[PDB]
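There are 2 protein chains.
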Amino acid sequence: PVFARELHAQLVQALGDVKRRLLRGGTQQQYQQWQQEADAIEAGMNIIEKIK
Amino acid sequence: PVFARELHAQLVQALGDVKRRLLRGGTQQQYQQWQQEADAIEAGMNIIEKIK
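So the sequence lines, in the order shown, correspond to chains B and A.
Per the authors' numbering, residue 14 is the first one in the first sequence, and the count goes up by one each step.
Per the authors' numbering, residue 14 is the first one in the second sequence, and the count goes up by one each step.
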């Protein structure tokens with residue numbers, strides 16, 4: 014539908030927030046935590062793409 | 014920061030899309046798939062809340 018397309022766009026914006034965060038740097042600690050957040054969102058994108 | 018607060022709001026909107034989707038119903042197949050999407054987003058909220 015046009016739904017998954019709309020939820021997908023939502024998650025893509027969420028990745029943009031993460032991606033931006035990663036440009037400001039931090040400890041290896043912070044990087045991994047944010048990469049973990051990014052994985053969660055990407056998992057979201059995968060499910061939503063495999064539903065469609 | 015005001016970052017996690019902003020990424021959190023993003024994910025919360027994503028849940029709204031899912032929640033809305035679940036009101037239109039479907040097979041047990043579709044429900045689980047969407048509940049799986051919801052889990053991914055909730056996992057994102059958890060990480061982001063445990064970073065803050």
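For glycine and all other residues, C-beta sits at the position ideal for the given N, C-alpha and C.
| Check | Outcome |
| --- | --- |
| Kindly indicate the opening and closing residues of the alpha helix (DSSP H) around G57 (chain A). | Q41 to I64 |
| Does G57 (chain B) get closer than 8 Å to chain A when you measure Cβ to Cβ? | yes |
| Can you look up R18 (chain A) in the DSSP assignment and give me helix, strand or coil? | helix |
| On a Cα-Cα basis, can you pick out the residue from A:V31, A:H21 and A:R37 that is closest to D52 (chain A)? | A:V31 |
| Is the beta carbon of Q46 (chain A) closer than 8 Å to that of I60 (chain B)? | yes |
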